[PDB]
Structure formats: structure tokens, C-alpha cells
Amino acid sequence: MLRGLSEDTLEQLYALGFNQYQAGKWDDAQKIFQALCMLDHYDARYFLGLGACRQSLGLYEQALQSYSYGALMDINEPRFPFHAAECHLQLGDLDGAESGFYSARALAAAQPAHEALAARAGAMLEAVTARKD
Amino acid sequence: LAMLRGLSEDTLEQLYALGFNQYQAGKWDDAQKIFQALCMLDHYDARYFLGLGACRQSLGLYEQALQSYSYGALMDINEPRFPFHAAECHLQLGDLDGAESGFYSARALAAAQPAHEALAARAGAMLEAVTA
Amino acid sequence: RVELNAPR
């Protein structure tokens with residue numbers, strides 16, 4: 001019944017969802033992001049938001065579905081494979097985590113805004129390779 | 001609707017405040033959709049039905065607003081703003097029997113409430129208008 | 001935990 005909202009109202013609804021996320025209100029934030037992912041099928045921020053909420057609630061497989069779609073919407077964003085790699089790790093899937101942290105390092109290395117993440121992705125990758133070996 | 005079910009008190013209130021904010025900004029069809037969701041998702045609240053009825057009036061959906069105000073009055077019988085605004089819609093609908101009644105009732109409810117003392121004579125003045 | 005894009 002919310003279909004057809006203006007961008008400016010979507011923006012305020014994204015703000016609302018982001019704020020609930022910052023306050024650790026993950027169930028409520030998840031619902032707001034799930035709404036926005038229905039309203040706008042292409043805005044990667046909404047899928048990042050939905051993923052992050054599910055991750056914080058321990059719903060790793062559902063977090064992976066959101067991160068996977070998001071990554072299709074912004075092929076340059078290092079957060080998707082990075083947080084996906086965390087979920088794979090918590091699921092005991094070392095090969096998935098290694099792939100994600102590898103991709104995240106490559107995406108983050110190409111962008112100066114993401115210099116801290118690049119180093120984290122490299123650190124996590126090294127940690128995971130150490131466990132497989 | 002189905003998915004947006006079960007939000008906390010604080011989130012519902014922030015959502016309500018966004019609806020209001022968009023209504024105060026002239027974005028009435030966005031506000032309308034927000035208010036209708038609130039009316040459906042939350043337990044009864046005066047401001048939702050008043051907000052929704054207010055949007056619908058700004059959009060000249062005088063029949064749909066009247067539905068909102070009538071549900072409101074039904075669930076909140078001491079609130080003078082429902083029959084007052086319902087009378088306003090009755091007027092635009094050219095139903096002066098309806099208008100006369102709502103203003104009369106609006107007037108009677110407000111007179112019994114110290115906070116609404118001013119409102120009682122917007123109703124009073126509007127009542128005299130209708131009886132002619 | 002995850003760093004989301006700031007709104008406004």
C-alpha cells in the first residue's frame with residue numbers, strides 16, 4: 001500500500017531505518033529495509049542495510065542473500081563481499097569466506113575512501129588462509 | 001503491511017512524525033500512504049485518522065476523508081475534531097443535514113473540554129452558517 | 001558493526 005512514494009519520502013524512510021540500525025534496534029531496522037528493498041529494487045544501500053540487520057541478528061544465510069543481490073547492484077562496493085565473508089565464516093564455510101575477503105580486498109584497494117577496509121580484508125584473508133592451511 | 005508488522009513504539013512514533021512532516025510539507029499523497037499504513041499497523045490512535053482525513057481533504061477526496069473521520073468518532077467519542085472535520089466534508093459534499101449535525105456535535109464535545117475551549121466557537125459559528 | 005552510507 002506504500003508503492004509509489006516520492007524519492008524524498010524514501011530518503012527519510014532510509015534515514016529512519018539507518019537510525020534504528022545505529023541504536024541496535026535490529027528487528028525494526030530490518031523491517032524498514034525490507035520495505036525499502038520492495039519499494040526500490042536497485043538501490044544497493046537498502047540491501048546493505050537489510051544484510052547488516054540480519055547479520056546482527058545471526059541470520060547469516062538470509063544476510064548472504066541480501067549481500068549477494070546488493071553486490072549485483074554495485075559491483076565496486078567492498079562492503080558486500082567483506083560482510084558476506086564474515087557470514088560465511090560464522091557458518092563454517094572457509095572457502096566462501098576466503099573468496100569474499102579476497103574480492104573485498106581487491107574492491108577496497110581500488111578506492112582511497114576504503115583504505116581501512118582494504119587492510120581489514122587483507123588481515124581477515126590471511127587469518128582464513130592460515131586456518132585452511 | 002504483512003511485513004511491516006510489529007514495529008516498536010518508538011519506530012511507529014517516528015513513522016507517524018514523518019507522515020506529519022510530509023503532510024506539513026505539502027506532499028499529501030505520500031503522507032496519505034504513510035497514515036493509512038499507521039491506521040492499519042498500529043492500535044487505534046487519534047492522530048492517525050485525523051492525519052489521514054486531513055490528507056484526503058487536501059486531495060479533495062471528501063468521501064474518503066469522511067470515512068476516516070467517521071471511524072475516528074466511532075472509536076474516540078469525546079474527540080471534537082472528528083465531527084468538526086466530518087461536518088467540513090459534509091459541506092463540500094453538499095450534505096447540510098450532515099454538516100449541521102457534525103458542527104453541532106463538535107460544538108457540544110469541545111464545550112465540555114477546557115483544552116478545546118477555543119474550538120467550541122469555530123463549531124458554533126459554523127453551526128449558525130449551516131442552519132441558514 | 002557494518003558501516004552504512006549516511007542518509008540526509
# chains A, B, ... in the order shown; residues from 1 in each chain; ligands from 1
call {"tool": "interface_residues", "arguments": {"of": "chain C", "to": "chain A", "cutoff": "7 Å", "atoms": "only C-alpha atoms", "output": "list in words"}}
result
residues 2, 4, 5 and 7 of chain C
call {"tool": "write_last_selection", "arguments": {"atoms": "N, CA, C and O atoms", "output": "PDB file, in the first residue's frame"}}
result
ATOM      1  N   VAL C   2      28.410  -3.204  10.711  1.00  0.00           N
ATOM      2  CA  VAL C   2      28.521  -2.723   9.321  1.00  0.00           C
ATOM      3  C   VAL C   2      28.389  -1.227   9.268  1.00  0.00           C
ATOM      4  O   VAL C   2      27.585  -0.645   9.975  1.00  0.00           O
ATOM      5  N   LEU C   4      26.954   1.624   7.377  1.00  0.00           N
ATOM      6  CA  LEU C   4      26.010   2.075   6.341  1.00  0.00           C
ATOM      7  C   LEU C   4      26.279   3.509   5.831  1.00  0.00           C
ATOM      8  O   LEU C   4      26.793   4.345   6.605  1.00  0.00           O
ATOM      9  N   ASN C   5      25.943   3.797   4.559  1.00  0.00           N
ATOM     10  CA  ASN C   5      26.022   5.187   3.995  1.00  0.00           C
ATOM     11  C   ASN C   5      25.205   6.147   4.827  1.00  0.00           C
ATOM     12  O   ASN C   5      24.076   5.795   5.167  1.00  0.00           O
ATOM     13  N   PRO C   7      22.583   8.996   5.712  1.00  0.00           N
ATOM     14  CA  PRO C   7      21.431   9.491   4.910  1.00  0.00           C
ATOM     15  C   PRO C   7      21.529  10.967   4.459  1.00  0.00           C
ATOM     16  O   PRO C   7      22.414  11.319   3.681  1.00  0.00           O
TER      17      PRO C   7
END
call {"tool": "interface_residues", "arguments": {"of": "chain B", "to": "chain A", "cutoff": "8 Å", "atoms": "only C-alpha atoms", "output": "list in words"}}
result
residues 1, 3, 4, 7, 8, 11, 14, 15, 18, 22, 30, 33, 34 and 37 of chain B
call {"tool": "write_last_selection", "arguments": {"atoms": "C-alpha atoms", "output": "compact mmCIF listing (two decimals), in the first residue's frame"}}
result
# COMPACT_ATOMS: atom_id res chain seq x y z
CA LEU B 1 1.52 -4.33 5.78
CA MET B 3 6.00 -7.47 6.61
CA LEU B 4 5.90 -4.03 8.39
CA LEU B 7 7.29 -2.25 14.97
CA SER B 8 8.29 -0.87 18.36
CA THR B 11 9.64 3.42 15.48
CA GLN B 14 8.96 8.30 14.25
CA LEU B 15 6.98 6.96 11.31
CA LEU B 18 7.49 11.52 9.15
CA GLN B 22 5.38 15.31 4.79
CA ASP B 30 2.95 10.44 0.40
CA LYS B 33 0.02 6.38 2.34
CA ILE B 34 2.00 6.75 5.49
CA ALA B 37 -0.24 2.25 6.97
call {"tool": "atom_distance", "arguments": {"atom1": "atom CA of residue B:72", "atom2": "atom CA of residue B:56"}}
result
14.2 Å
call {"tool": "residues_around", "arguments": {"residues": "residue B:99", "least_positions_apart": "3", "cutoff": "6 Å", "atoms": "only C-alpha atoms", "output": "list in words"}}
result
residues 87, 90, 91, 96 and 102 of chain B
call {"tool": "write_last_selection", "arguments": {"atoms": "C-alpha atoms", "output": "PDB file, in the first residue's frame"}}
result
ATOM      1  CA  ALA B  87     -19.012  18.382   9.008  1.00  0.00           C
ATOM      2  CA  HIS B  90     -20.329  17.039   4.596  1.00  0.00           C
ATOM      3  CA  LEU B  91     -20.318  20.702   3.415  1.00  0.00           C
ATOM      4  CA  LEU B  96     -26.166  20.208   5.123  1.00  0.00           C
ATOM      5  CA  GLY B 102     -21.239  17.316  12.970  1.00  0.00           C
TER       6      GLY B 102
END
call {"tool": "residues_around", "arguments": {"residues": "residue A:44", "least_positions_apart": "5", "cutoff": "8 Å", "atoms": "only C-alpha atoms", "output": "list in words"}}
result
residues 70, 71, 73 and 74 of chain A
call {"tool": "closest_residue", "arguments": {"among": "A:128, A:75, A:108, A:119", "to": "residue A:96", "atoms": "only C-alpha atoms"}}
result
A:128
call {"tool": "select_by_dssp", "arguments": {"residues": "chain B", "states": "alpha helix (DSSP H)", "output": "PyMOL selection string"}}
result
chain B and resi 9-24+28-41+46-58+62-75+81-92+96-111+119-131
call {"tool": "residues_around", "arguments": {"residues": "residue A:102", "least_positions_apart": "3", "cutoff": "12 Å", "atoms": "only C-alpha atoms", "output": "ChimeraX atom specification"}}
result
/A:78-85,95-99,105-109,117-129
call {"tool": "closest_residue", "arguments": {"among": "B:74, B:39, B:112, B:132", "to": "residue B:100", "atoms": "only C-alpha atoms"}}
result
B:132
call {"tool": "residues_around", "arguments": {"residues": "residue B:79", "least_positions_apart": "6", "cutoff": "9 Å", "atoms": "only C-alpha atoms", "output": "list in words"}}
result
residues 46, 72, 73, 106, 109 and 110 of chain B
call {"tool": "write_last_selection", "arguments": {"atoms": "C-alpha atoms", "output": "PDB file, in the first residue's frame"}}
result
ATOM      1  CA  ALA B  46      -6.388   9.727  17.276  1.00  0.00           C
ATOM      2  CA  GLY B  72     -12.303   8.153  14.354  1.00  0.00           C
ATOM      3  CA  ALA B  73     -15.517   9.448  16.010  1.00  0.00           C
ATOM      4  CA  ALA B 106     -18.305  19.198  17.567  1.00  0.00           C
ATOM      5  CA  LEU B 109     -17.919  17.948  22.814  1.00  0.00           C
ATOM      6  CA  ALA B 110     -15.457  20.949  22.878  1.00  0.00           C
TER       7      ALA B 110
END
